[PDB]
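Report on one structure; see the data block that follows.
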Amino acid sequence: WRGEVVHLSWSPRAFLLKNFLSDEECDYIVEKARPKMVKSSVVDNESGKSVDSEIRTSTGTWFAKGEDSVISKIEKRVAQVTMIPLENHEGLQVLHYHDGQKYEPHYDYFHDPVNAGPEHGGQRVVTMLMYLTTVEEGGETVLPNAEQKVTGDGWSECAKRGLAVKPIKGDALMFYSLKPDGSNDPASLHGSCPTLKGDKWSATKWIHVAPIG
Amino acid sequence: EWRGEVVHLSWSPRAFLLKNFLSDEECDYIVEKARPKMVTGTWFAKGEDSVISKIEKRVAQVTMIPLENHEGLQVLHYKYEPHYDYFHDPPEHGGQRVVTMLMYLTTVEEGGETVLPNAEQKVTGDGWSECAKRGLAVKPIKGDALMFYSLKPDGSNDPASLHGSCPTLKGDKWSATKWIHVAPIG
Amino acid sequence: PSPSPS
Ligand SMILES: [Zn+2]
Ligand SMILES: [Zn+2]
Ligand SMILES: [Zn+2]
Ligand SMILES: [Zn+2]
Ligand SMILES: [Zn+2]
Ligand SMILES: [Zn+2]
Ligand SMILES: [Zn+2]
Ligand SMILES: [Zn+2]
C-alpha cells in the first residue's frame, strides 16, 4: 500500500490514511458482516467483564485472523502501516451504527486488571479505524481532548466538541492510545458521534504491545 | 506530504527501507554543508536550517514520533563494530532510543552495506559483500533511508537490532542519521 | 469504557 497520509494531530497522535481500503474491499466486508451482527459490548473498568452498556449502541461482529483471503490482505496492510507484527493484533471487528447509535468518549486502553494482561498481548497501543461507508449526517469520530477542534460547516455539534473525522469510504484513521514511552495517552479520548442519516459501517484493528497468546 | 515506497525488510528486527526518502538535491545539500564542518562526523542542530527542518518534519511524520523526541542530525563520512542504539549494560535525555533513521547520501558501488547480524534472515547471492552476508543487509543508495526499531513495541530492548557498517570496497559512503527517543530530549 | 476484546 501507498497513499496520501494526512497528519491530523500530535496530541493525540493521529493520522488519516486516504483510500486505505478499496471500495470493493469495503463492500465485501459489510456483506460478510451483516448476518452476524449483534449488540456491541464494553468491559467494566474495574472487573474487565464484558457487558452491555448504554455507552455504546452499535452492533458488531468479529472475523478471526486469517479466516478470509480478502481480510488477510487488509490485515497485512495494517501491520505494514502500523509497523507492528500481526501477532499483536486482535481480530477484525466490524461495526454498524445507524439511527442514533453512538459510542460515547472512551479509551481503547484498558483500565481493568485482566484485559491488558500478558496473555492478552499486554496493553492496547494503536487502533486503526477503517470507514466502510460514507455517512450523510453524523457518525464522526470525535477526539475531544485534541489540541485542535473542528469548526464551520458540515460537522455536527457533537463533532465541534473536538477534532473530528467524517467517515468516508476507504479512508482509515490511525491513532495511538499510548505515548511512545508506553504511558497512557489521555489525549486519545475518542467516540463515535450519533449517526443521524446514513449507515455507518467501519472496521477496527486494535493492536497490542505484545503478542496475544 | 512525502508519499513513498516502503519496502518491509524484517520483523526481527523491525526494519523498513524508504525509497527516495530524500531528493538527490537534499543529499547534495547536506553533504555540501557538512564538508567544511567535519572532524569524520558532524552535527546539525534541530531546526538549524530550512532545508534540514523540512527533512526533520518528514522523519517525524514517517516514524510517527514527534520532533521533541528527536536528536539532531548526525552526518557521517565513512573496523566492523556492530552495536545497539539503545542504552544498555554493563536514565538519559529523552529516555531510550526507539527508532533510528539512516539516510544514505551517496550510492556505494561496492561494500558499505549497513549490516544486521542478529537478524531473522541473512542476505545471499551477488551484489553482497562478505561482511554483509553476516546478516540482513542494505545497500547505500542515494536518497534511500533505513528505518529500524531498537525497542520492541512494549518498550523492551531488541538485541535483533544489532547493526554495523561494512567496509567500503568501491565508492565513498556518506550518511545522515537521526535517533529518536521515547520521550522529549528536553 | 473500553471496547471488549477480540
Ligand atoms: Zn480503578
Ligand atoms: Zn451514556
Ligand atoms: Zn475506541
Ligand atoms: Zn487471561
Ligand atoms: Zn440503517
Ligand atoms: Zn553497546
Ligand atoms: Zn547505531
Ligand atoms: Zn570520502
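Using ideal geometry, Cβ is built from the backbone for each residue, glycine included, and neighbour counts are taken over all protein chains shown. FYI, it's all coordinate maths here, none of it is from the lab.
Which pairs turn up if I take residues in region A:104-117 that are among the charged types (D, E, K, R) and look for partners that are within 13 Å of ligand 1 (Cβ to nearest atom) with beta carbon separation below 8 Å, at least 6 apart in sequence or on another chain?
From residues that are among the charged types (D, E, K, R), the pairs are A:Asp108/C:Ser2; A:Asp112/A:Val43; A:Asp112/A:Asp44; A:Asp112/A:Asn45; A:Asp112/A:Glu46; A:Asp112/A:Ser47; A:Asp112/A:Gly48; A:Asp112/C:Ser2.
Would you mind finding the one in B:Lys122, B:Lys142 that is within 20 Å of B:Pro13 (Cα to Cα), outside any strand (DSSP E or B) and more than 16 Å from ligand 6 (Cβ to nearest atom)?
After ruling out the rest, the residue left standing is B:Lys122.
Report yes if some residue within region A:168-182 is of a type in the set (D, E, K, R), touching a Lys or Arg at 6+ places or on another chain (Cβ under 9 Å) and within 14 Å of chain B (Cβ to nearest Cβ); otherwise report no.
Within region A:168-182, one or more residues are of a type in the set (D, E, K, R), touching a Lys or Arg at 6+ places or on another chain (Cβ under 9 Å) and within 14 Å of chain B (Cβ to nearest Cβ).
Residue pairs, Cβ under 6 Å, 6 or more apart or interchain, first in region A:9-28 and over 18 Å from A:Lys149 (Cβ atoms), second part of a helix (DSSP H, G or I) and of a type in the set (A, V, I, L, M). List them.
So the pair list comes out as A:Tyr28/A:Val70.
Take region A:162-178 and flag every residue that is surrounded by 20 or more Cβ atoms within 10 Å (Cβ to Cβ) and either away from ligand 3 (no atom under 16 Å from the Cβ) or over 19 Å from the mean Cα position of the chain (by Cα) (or both).
A:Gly170, A:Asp171
Let me confirm something: among B:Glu92, B:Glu25, which residue is within 14 Å of another protein chain (Cβ to nearest Cβ), of a type in the set (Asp, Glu) and either over 30 Å from B:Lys133 (Cβ atoms) or part of a helix (DSSP H, G or I) (or both)?
B:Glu92 is the lone residue from the list that is within 14 Å of another protein chain (Cβ to nearest Cβ), of a type in the set (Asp, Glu) and either over 30 Å from B:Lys133 (Cβ atoms) or part of a helix (DSSP H, G or I) (or both).
So how many residues does region A:171-194 have that are touching an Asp or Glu at 6+ places or on another chain (Cβ under 7 Å) and farther than 22 Å from B:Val62 by Cβ?
Count: 2.
Quickly run through region A:90-103 and pick out the residues that are over 17 Å from A:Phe175 (Cα atoms) and buried (at least 18 other Cβ atoms within 10 Å of the Cβ).
Of everything in region A:90-103, those that are over 17 Å from A:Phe175 (Cα atoms) and buried (at least 18 other Cβ atoms within 10 Å of the Cβ) turn out to be A:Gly91, A:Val94, A:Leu95, A:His96, A:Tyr97, A:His98, A:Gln101, A:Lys102.
So how many residues does region B:145-167 have that are within 14 Å of chain A (Cβ to nearest Cβ) and assigned to a loop (DSSP other than H, G, I, E, B)?
Qualifying residue count, region B:145-167: 7.
Which count do you get for residues in region B:38-89 that are more than 15 Å from ligand 7 (Cβ to nearest atom), part of a loop (DSSP other than H, G, I, E, B) and either exposed (fewer than 14 other Cβ atoms within 10 Å of the Cβ) or of a type outside the set (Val, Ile, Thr) (or both)?
So the answer is 11.
Go through region A:67-114 and count every residue that is of a type in the set (D, E, K, R) and within 16 Å of ligand 5 (Cβ to nearest atom).
2
From the list A:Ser188, A:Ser192, which residue is within 16 Å of ligand 2 (Cβ to nearest atom), under 14 Å from the mean Cα position of the chain (by Cα) and within 13 Å of another protein chain (Cβ to nearest Cβ)?
From the options A:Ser188, A:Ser192, the qualifying one is A:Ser192.
I need the full set of residues from region A:179-213 which are crowded, with 23+ Cβ neighbours inside 10 Å and either out of contact with any helix residue (DSSP H, G or I) (no Cβ under 9 Å at 6 or more places or on another chain) or part of a strand (DSSP E or B) (or both), in order please.
Selection gives A:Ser188, A:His190, A:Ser192, A:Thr195, A:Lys200, A:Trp201, A:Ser202, A:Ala203, A:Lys205, A:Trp206, A:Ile207, A:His208.
Looking for something of a type in the set (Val, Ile, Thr) and more than 19 Å from A:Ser22 (Cα to Cα) - is there at least one such residue anywhere in region A:81-88?
yes
Where residues in region A:95-138 are within 14 Å of A:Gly48 (Cβ to Cβ) and among the polar types (S, T, N, Q), which of them is nearest to the other protein chains (Cβ to nearest Cβ)?
Applying the filter and picking the extreme gives A:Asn115.
Within region B:95-115, track down each residue that is within 14 Å of the chain's Cα centre (by Cα) and part of a strand (DSSP E or B).
Once the filter is applied, which keeps residues that are within 14 Å of the chain's Cα centre (by Cα) and part of a strand (DSSP E or B), region B:95-115 yields B:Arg97, B:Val98, B:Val99, B:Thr100, B:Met101, B:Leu102, B:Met103, B:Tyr104, B:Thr114, B:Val115.
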